[PDB]
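Colleague: First the structure, which I've put down as structure tokens, then a few questions once you've had a look.
Cβ sites come from the backbone with ideal geometry, for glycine too, and all protein chains shown count toward neighbours. Numbers and lists here come from the model and the stated rules, or from a named source; none is laboratory data.
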Amino acid sequence: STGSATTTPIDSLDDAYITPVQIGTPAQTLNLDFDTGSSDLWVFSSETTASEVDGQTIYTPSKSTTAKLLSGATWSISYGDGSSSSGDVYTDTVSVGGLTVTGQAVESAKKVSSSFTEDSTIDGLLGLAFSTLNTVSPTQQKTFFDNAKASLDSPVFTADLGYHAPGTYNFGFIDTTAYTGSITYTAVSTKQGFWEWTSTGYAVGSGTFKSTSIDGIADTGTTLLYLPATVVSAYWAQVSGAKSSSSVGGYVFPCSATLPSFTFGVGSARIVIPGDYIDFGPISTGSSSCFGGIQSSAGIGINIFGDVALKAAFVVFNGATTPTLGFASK
Ligand SMILES: Nc1cnc2c(c1)COCC2
Ligand SMILES: Nc1cnc2c(c1)COCC2
């Protein structure tokens, strides 16, 4: 089998991407944030505290003839921005782009934190990291990809995120029309439960490439590119007036600037992020200070190849017995 679904930016900045997902019988369609940095499929629901729902579409398990309470199971998760959610668990039928899994754990939110309530465009998350990170207790549950894998034509999914435009998540096949050149594959460590790999270096604009190993994660659920402070300083030094602002929480730059590109290495290959992808707009409405898309990972403990990096490539998440990652230009 295969599946193919369009993913759409939630706003004019590409802060995140939503993909429609069918849950239950009859289908209830929710728009979920596909997140290769976590491993829980959770949704706003009829159980979510009413004051914490503001415009999202909810899953109502009592209206699904295939929903079953997973007795005793609870979940609770926290993300890198300090946001969080928790609740109980149903199993139900879940379909993405024509690909169907029966018996998928659907984690129903009883509580969500303010940043989720405040974002009316995201109805939940669909985790695509390794199932060892799944938070369900006392019986850990499998991701949608892990449950689908045996039925797929090939044990892979691909992320093709757009810049200010829709893109595609495919399951079970590699669309050879969606990229240019060849796909370069690179090793993955699953030891932290992430799609963790090692970039071979970087370049700033037209500058010379610096060969240096940069361990990080491919994370569709993180907006920006978080790299070591040395790398980030070298990038922003090429932008007149750019500076790190403790009050704003990162590097800012004059909105009048034209930003240089940033290149990262994948083996001997190179992925170029155009400068415009690094512009995240005014820090507050009407300001002439703009927020940068490349930020320091120093206070995180891990480097993160988030959407800013991934949307410059066609990315293969290869879930074969030994997982690997593939990157192609497009
Ligand atoms: N830092 C961070 C990483 N991933 C996510 C969030 C924050 C919040 O939305 C869910 C996914
Ligand atoms: N994506 C994104 C993340 N953080 C910030 C902005 C955008 C805007 O400026 C303030 C801080």
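Rundown of residues vs (1) without any contact (Cβ under 8 Å) to a residue 40 or more places away in the chain; (2) surrounded by 20 or more Cβ atoms within 10 Å (Cβ to Cβ); (3) more than 16 Å from ligand 2 (Cβ to nearest atom); (4) in the same structural domain as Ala148 (by CATH), yes/no style:
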residue	(1), (2), (3), (4)
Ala16	no, yes, no, yes
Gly24	no, yes, yes, yes
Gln28	yes, yes, yes, yes
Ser45	no, yes, yes, yes
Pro61	no, yes, yes, yes
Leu69	yes, no, yes, yes
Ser84	yes, no, yes, yes
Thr91	yes, no, yes, yes
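Colleague: To continue, here is another question. When you scan region 16-68, how many residues do you find that are away from ligand 1 (no atom under 16 Å from the Cβ) and not acidic (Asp, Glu)?
Modeller: Here the count works out to 28.
Colleague: Moving on to the next point. Hand me the list of strands (runs of 3 or more DSSP E) wholly inside region 95-194 holding 1 or more residues that are more than 15 Å from the chain's Cα centre (by Cα).
Modeller: Result: 99-112, 156-160, 167-171, 184-187.
Colleague: Tell me, yes or no, whether region 158-181 has at least one residue that is within 16 Å of ligand 1 (Cβ to nearest atom), touching a residue at least 24 places away in the same chain (Cβ under 8 Å), in contact with a helix residue (DSSP H, G or I) (Cβ under 8 Å, 6 or more places away or on another chain) and in the same structural domain as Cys290 (by CATH).
Modeller: No, that holds for no residue.
Colleague: May I ask you to say which residue of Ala257, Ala298 is assigned to a loop (DSSP other than H, G, I, E, B), within 21 Å of the chain's Cα centre (by Cα) and more than 16 Å from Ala218 (Cβ to Cβ)?
Modeller: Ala298
Colleague: Limited to region 260-291, what total is found for residues that are more than 16 Å from ligand 1 (Cβ to nearest atom), assigned to a strand (DSSP E or B) and within 25 Å of the chain's Cα centre (by Cα)?
Modeller: Result for region 260-291: 14.
Colleague: Within region 83-142, can you find the residues that are of a type in the set (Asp, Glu) and within 16 Å of ligand 1 (Cβ to nearest atom)?
Modeller: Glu107, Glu118, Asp119, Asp123
Colleague: A further question follows. Name the residue, out of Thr285, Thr230, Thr263, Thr258, that is away from ligand 2 (no atom under 16 Å from the Cβ) and without any contact (Cβ under 8 Å) to a residue 12 or more places away in the chain.
Modeller: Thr230
Colleague: Further question on the same structure: Which members of region 237-288 meet the condition of being out of contact with any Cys (no Cβ under 7 Å at 6 or more places or on another chain) and among the acidic types (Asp, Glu)?
Modeller: Listed by number, the list holds a single entry, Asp276.
Colleague: State all residues of region 195-210 that are surrounded by fewer than 18 Cβ atoms within 10 Å (Cβ to Cβ) and either out of contact with any strand residue (DSSP E or B) (no Cβ under 7 Å at 6 or more places or on another chain) or assigned to a strand (DSSP E or B) (or both); if no residue qualifies, say none.
Modeller: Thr198, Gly201, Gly205, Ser206, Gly207, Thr208, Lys210
Colleague: Working carefully through the options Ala234, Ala218, find the one that is surrounded by fewer than 21 Cβ atoms within 10 Å (Cβ to Cβ) and of a type in the set (A, V, I, L, M).
Modeller: Sole residue among the options that is surrounded by fewer than 21 Cβ atoms within 10 Å (Cβ to Cβ) and of a type in the set (A, V, I, L, M): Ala234.
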